[PDB]
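Residue strings, one per chain:
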Amino acid sequence: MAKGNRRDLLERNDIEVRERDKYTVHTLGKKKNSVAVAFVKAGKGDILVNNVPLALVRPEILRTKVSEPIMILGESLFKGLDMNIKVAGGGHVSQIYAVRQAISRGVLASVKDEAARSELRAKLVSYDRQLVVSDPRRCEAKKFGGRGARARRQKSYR
Amino acid sequence: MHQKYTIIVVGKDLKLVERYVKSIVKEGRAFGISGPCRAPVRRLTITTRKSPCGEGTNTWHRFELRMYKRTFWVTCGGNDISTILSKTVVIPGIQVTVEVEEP
Amino acid sequence: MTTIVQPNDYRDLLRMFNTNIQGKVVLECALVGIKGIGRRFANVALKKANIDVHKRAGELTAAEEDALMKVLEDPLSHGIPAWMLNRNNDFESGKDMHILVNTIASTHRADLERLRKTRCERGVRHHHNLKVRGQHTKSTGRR
Amino acid sequence: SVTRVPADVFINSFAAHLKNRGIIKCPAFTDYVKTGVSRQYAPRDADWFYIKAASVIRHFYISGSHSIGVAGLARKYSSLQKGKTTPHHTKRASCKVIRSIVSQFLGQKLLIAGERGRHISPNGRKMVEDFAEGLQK
Amino acid sequence: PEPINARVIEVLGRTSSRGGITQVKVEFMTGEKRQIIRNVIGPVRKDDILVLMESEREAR
Amino acid sequence: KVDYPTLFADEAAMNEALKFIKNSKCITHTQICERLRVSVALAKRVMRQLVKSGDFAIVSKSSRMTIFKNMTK
Amino acid sequence: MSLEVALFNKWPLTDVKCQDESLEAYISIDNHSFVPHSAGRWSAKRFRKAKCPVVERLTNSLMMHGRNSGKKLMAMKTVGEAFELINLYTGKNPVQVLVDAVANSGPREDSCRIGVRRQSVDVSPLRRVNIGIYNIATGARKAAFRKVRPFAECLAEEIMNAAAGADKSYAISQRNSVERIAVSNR
RNA sequence: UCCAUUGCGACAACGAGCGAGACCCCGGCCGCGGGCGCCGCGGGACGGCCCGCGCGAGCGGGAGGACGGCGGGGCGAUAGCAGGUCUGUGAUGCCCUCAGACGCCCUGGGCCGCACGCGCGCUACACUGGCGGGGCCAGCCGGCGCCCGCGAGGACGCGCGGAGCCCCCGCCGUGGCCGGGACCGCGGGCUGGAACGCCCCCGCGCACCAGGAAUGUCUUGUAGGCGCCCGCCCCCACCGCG
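- What the entry reports as its method is cryo-EM, with 3.24 Å given for the resolution.

- By the naming in the PDB entry, chain E is Ribosomal protein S28, taken from Giardia intestinalis assemblage A.
- Listed in the archive, the entry goes by the title "40S ribosomal subunit of the 80S Giardia intestinalis assemblage A ribosome with Emetine bound in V1 conformation".

- For chain C, the name recorded in the PDB entry is Ribosomal protein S18, with Giardia intestinalis assemblage A as its organism.
- Entered under Sequence similarities (unreviewed entry) in the UniProt record, the comment concerning chain C runs "Belongs to the universal ribosomal protein uS13 family."

### Focus: the overall build of chain C
Here is step 1: When helices and strands are counted, chain C shows five helices and two strands.
Here is step 2: Counting from the amino terminus, chain C carries its helices and strands in the arrangement β-β-α-α-α-α-α.
Here is step 3: For chain C, the C-alpha radius of gyration of 20 Å lies well beyond 15 Å, the compact-globule estimate for 143 residues.
Here is step 4: Each principal axis of the C-alpha distribution contributes one length, and for chain C these read about 60 × 40 × 25 Å.
Here is step 5: Expressed as a percentage of its 143 residues, the buried residues of chain C come to 33%.
Here is step 6: Considering only contacts within chain C whose residues lie at least 6 apart along the sequence, 49% involve residues at least 24 apart.
Here is step 7: Accessible area of chain C: about 9,400 Å², with a carbon and sulfur share of 52%.
Here is step 8: If you average the places of the 25 positive and of the 16 negative side-chain charges in chain C, the two averages end up 13 Å apart.

### Description of the protein's contact with RNA strand H
Here is step 1: The local shell around RNA strand H holds 161 residues, among which A:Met1, B:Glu18, C:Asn89, C:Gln135 and D:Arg116 are the closest.
Here is step 2: Considering RNA strand H, the proportion of its atoms within 4 Å of the protein that are sugar or phosphate atoms stands at 70%.
Here is step 3: Contact between RNA strand H and C:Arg40: a phosphate oxygen at 2.9 Å from a side-chain N or O atom of the residue.
Here is step 4: In the environment of RNA strand H, a phosphate oxygen lies 2.9 Å from a nitrogen or oxygen atom belonging to the side chain of C:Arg122.
Here is step 5: If one sorts the elements of the surface near RNA strand H by residue count, helix α2 (residues 48-62) of chain D sits on top with five residues.
Here is step 6: For the surface near RNA strand H, the class distribution of residues is 50 nonpolar, 47 polar and 64 charged.

### Concerning the sheet that holds strand β1 (residues 26-27) of chain F
Here is step 1: Read from one edge of the open sheet, three strands run β1-β3-β2 (chain F), paired in antiparallel fashion. Two strands lie at the open edges of the sheet, namely β1 and β2 (56-61) of chain F, each paired on one side alone.
Here is step 2: The strands touched by helix α2 (residues 73-89) of chain G within the sheet are β1, β2 and β3 (66-70) of chain F, with β3(F) carrying the most contacts at an inclination of about 20°.

### What about the arrangement of the chains?
Here is step 1: Most contacts, among the seven pairs of chains that meet, fall between chains E and G.
Here is step 2: Nothing in chain D touches chain F, and the closest approach of their C-alpha atoms is 15 Å.
Here is step 3: Note that chain B does not reach chain G: the shortest distance linking a C-alpha of one to a C-alpha of the other is 29 Å.

### Side note on the layout of surface pockets
Here is step 1: The computed volume of the largest pocket comes to approximately 2,000 Å³.
Here is step 2: Taken together, 42 residues make up the lining of the largest pocket; nearest its centre are A:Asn50, A:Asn51, A:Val52, D:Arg58 and D:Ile62.
Here is step 3: Of the residues in the lining of the largest pocket, the class split is 20 nonpolar, 13 polar and nine charged.

### As for helix α3 (residues 29-37) of chain F
Residue pairs three or four apart in sequence face the same way in an α-helix, which turns once every 3.6 residues.
Here is step 1: Of the residues making up α3(F), those classed as buried are F:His29, F:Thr30, F:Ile32, F:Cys33 and F:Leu36. The arc enclosing the buried residues of α3(F), seen along the axis, measures out at 160°, which places them on a common side.
Here is step 2: Turning to α3(F), the residues buried within the fold contact α2 (17-20), β1, α4 (40-53) and β3 of chain F together with α5 (151-163) of chain G.

### With respect to the domain arrangement of chain C
Residues and elements named next belong to chain C.
Here is step 1: Domain annotation of chain C identifies domain 1 (9-81) and domain 2 (82-141).
Here is step 2: Here domain 1 and domain 2 have C-alpha centroids that lie 28 Å from each other.
Here is step 3: Taken together, the contact pairs 13 residues of domain 1 with 10 residues of domain 2.
Here is step 4: Approximately 1,100 Å² of surface area, both sides summed, lies buried where domain 1 meets domain 2, with 74% of it carried by carbon and sulfur atoms.
Here is step 5: Of all residues in domain 1, the largest losses of buried area upon contact with domain 2 belong to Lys35, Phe41 and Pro81, amounting jointly to 43% of the total for that side.
Here is step 6: Linking domain 1 with domain 2 are zero salt bridges.
Here is step 7: Inspection of the domain 1/domain 2 interface yields four residue pairs in polar contact.
Here is step 8: Residue composition of the side of domain 1 that touches domain 2, by class: 10 nonpolar, one polar and two charged.

Thresholds, definitions, all that
- Residues numbered from 1 in each chain as written, not as in the entry; some residues may be left out.
- Chains lettered and ligands numbered in written order.
- Part of a larger assembly, values for the part shown.
- Heavy atoms only, no water.
- Residues with missing side-chain atoms left out of burial classes, pairs and counts.
- UniProt positions renumbered as here; feature names shortened; annotations may be inferred.
- Helix = DSSP H or I, 4+ residues; strand = E, 2+ residues; numbered from the N terminus.
- Rg over C-alpha atoms; globule rule 2.2 N^0.38 Å.
- Buried < 20%, exposed > 50% of the residue type's maximum accessible area, 1.4 Å probe, protein only.
- Contact = heavy atoms within 4.5 Å.
- Areas by Shrake-Rupley, 256 points an atom, 1.4 Å probe, with all protein chains shown as cover.
- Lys, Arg positive; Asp, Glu negative; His and termini not counted.
- Charge placed at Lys NZ, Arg CZ, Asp CG, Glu CD.
- Near = heavy atom within 4 Å.
- Polar contact = N/O pair within 3.5 Å; in protein donor to acceptor, adjacent residues only side chain to side chain.
- Nonpolar A, V, L, I, M, F, W, Y, C, P; charged D, E, K, R; others polar.
- Pairing = 2+ DSSP bridges.
- Axes fitted to C-alpha atoms, helices over the stretch in contact; angles between N-to-C directions.
- 1 Å grid on protein atoms, 1.4 Å probe; cavity = no way out; pocket = protein on both sides within 12 Å on 5 of 7 lines; lining within 4 Å.
- Points joined across faces, edges and corners; volume = space filled by probe spheres on them.
- Arc of directions from axis to C-beta.
- Domains from an automatic or database assignment.
- Buried area = accessible area lost by both parts, 1.4 Å probe.
- Salt bridge = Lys/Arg side-chain N within 4 Å of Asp/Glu carboxyl O.

Set out below in structure tokens:
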């Protein structure tokens, strides 16, 4: 239902103010019509999605996909960070991929050191480059000649 | 005195509708008139066959007319009806750039 | 259900209303073979009759069988809604009943006879073999 | 709370408890209903009412101070109508059962009346969270 | 008789109508080093390994 | 063309049906259906009984398919 | 290494290799996501699909016919069940079995009307592996149609029979027929 | 040489122009400003860098980058057709009709009528499935509460709000069967002055076991599958634009 670019979602005004400030880092990730917003604060370590524990997100079979940014690296740094992700857009899979992208970008920023940041960048991008850089391709239009983007209505030459 | 008045600008052309606001904000330099909310564009759409008789390959015209609009409800009662007229005179005269004031 | 070995009373081939039901299919759907009895009127009928609807047809027993017979001839006297009967109303009785295989032939037949004598439009299209409802016949269903 | 446990277990356990405690009591018209024009046949299970009620109460708890209309819940139980030699079209569920369920809940003060519709009363939130923690272990 | 696998070297381009077939100048990386010719279907590129069932065949 | 009983009359349900598998390690409702020459639901119920007995265990349960193993061998 | 990408979290991917040198570098059996899914736009290049994980290719062909076009998660589940069955029967790591099945299939000679006096030409490795995959998928699909047994059982049976080299399999039969008819035209 | 009379280099030719390009709308990255509602102004990508060639324009490979080599649309040259349109118009020449009217209006009927031939489509022939319960996310954009009724619908009162596929648990078990829903019989409602129009319920349950000669369309968010809004509209979408 949510567009993804609403001012409310982008600024995460849903959270109460006194807890809004404690989140410092801001991150973003998207795939196709899906926008995921992540706020980070250092802590004992934990993740959330749309007010849900990270484990119990229901593509089920894609749990490893939502958690790849973690098991790729060590849990050492993920231990000291806590996230409150909020996602909205089109399709379960798109939301999944956007979420993992946001996780990667957010963890990358919080390192606070540029050299180790570059080292993590090299490690992560070696694996699936589309964990940091976004995916560009997007749905295209349809022309009146046919009933699809490229397909045309069947023609009878006789 | 104070009226919680509103300013609304409605038009089709992006050029004038964007230049006119700049003059308005100039005129409201000291009366506190501030940023305008820019509403989503109301892209009206119409389609029609290009052939009056419907011969040949079926083709379609696609005309659309957008309706940009901006709102300067900032004044509210911050200004008096005395210079609300002054608000409406120093502004430039654009041929088509409809506007209306309500409290 | 919860049955592996067959009942000692297992009736392998049931019979009712001149129709025979094989005793290896689930109960609710096997009864559908009766003309005038579908699913909706099945699961409702049994339940009012205190019968398990997921047990094989071969496992029921006379007492259950006859109990189902009763609700199946005088149903309105058992709570079933009046909007559920196949014949929601009758022309001469003026009441609401449910008719079955034995007397479902004389329900479109005698209906037709009424149409004929009155010389209605609907009856004529039934005699020359034409569609009855507003239907295009220029190119539809060519024989 | 509830949000850290999947809906599959929570719904069934709360349904069993709701039947045991005698909170909701299935009426007579639960014998011969199809639950929505979209469907074709009737529910196979013998206690669908209580599952439905538990899903509804969870829905109300998740919505917080927002208010949900009887029809608003009916669009979340919509299905697809098939068997018509034409493209399938979506349809809404039934509203009478939902109405009876909310009436039964409100008669127990677990559901406060708002300006439009209703929302979860504080004691209802208490109960939902209590069962959630009780089954969390 | 045994089909011996070949190492590809230099490709002389398509040599057919409708495309599809491509020419090649393979050689035996089995230590033989016999720069012979052969014809190949589908995509192909340098360093490709091919299994010839005719140890001795020609085309041009 | 092929007709399968939905329940064993007697004996069949222990002399063999509960024994043919015993001389097996892996199985599935369809494997036995084609093997034992009977319907599927019978295999489902019988496998329930067997797992309750404890001899047969599960490896990958799902709604569509549930492979079993002969732990007691 | 820092991480060991175990497929489905049950079978290690470390010790796997195809003995055949013909297409060793054309079978990507090193880099595999923990699950067969991936959105990467493989084949955008020309030879890009050469590195795509083999299992992903395998699942991308089980949704061929129009009734199943676009359903990938079902295919992941199907492949999981198939791997359970294969490990159950044979007892060795399924991925090795899959690579053997792909290797044995894949013709080594074909008949084309070069330049119909069809002649016998050799075949590129990539076509070999693609054809092996396609033949396996279609052979499993054919049997399961209008038949009691499920798709996954057919898939497993096909893979075991192929890796066994038995001509009983559909794919091996097809390969033998093609090779022989090509020899006819040499 | 270029997808291109797009370019390099010659020549009784010299010098210009139109079309092509440039151009306008949309989308991907970044910045500023403002902000009820994400919407206004700008940067950025240019065969630019490296390596091969080629005088040459330009071709092949590798990088770095949101994007790499015409990303999708709009515009559309000269000349021409007895192509369509007098039934789109206060656009029209000449004919025909003009007080028993081809003028305008009213009541009915018809344009749907059916032994048959085919053109664009829709539903299926099932286990990669059908039924029941549950969980859940879109965009062009968008209106809701209470109470009766099985449902379609109905009486009130106010401004408030989004789905199929899919995933999970069970039943069915290769039987034209729980696949299929054409056709037909009672009944309950809506629009309208007026049902021949449209919805819902019970019942009956046609062909159809993957379709010959022949033939059509398609290269990335593409085919295919899945659904959702607008158009004409008192009611109705298997259609068309999206």
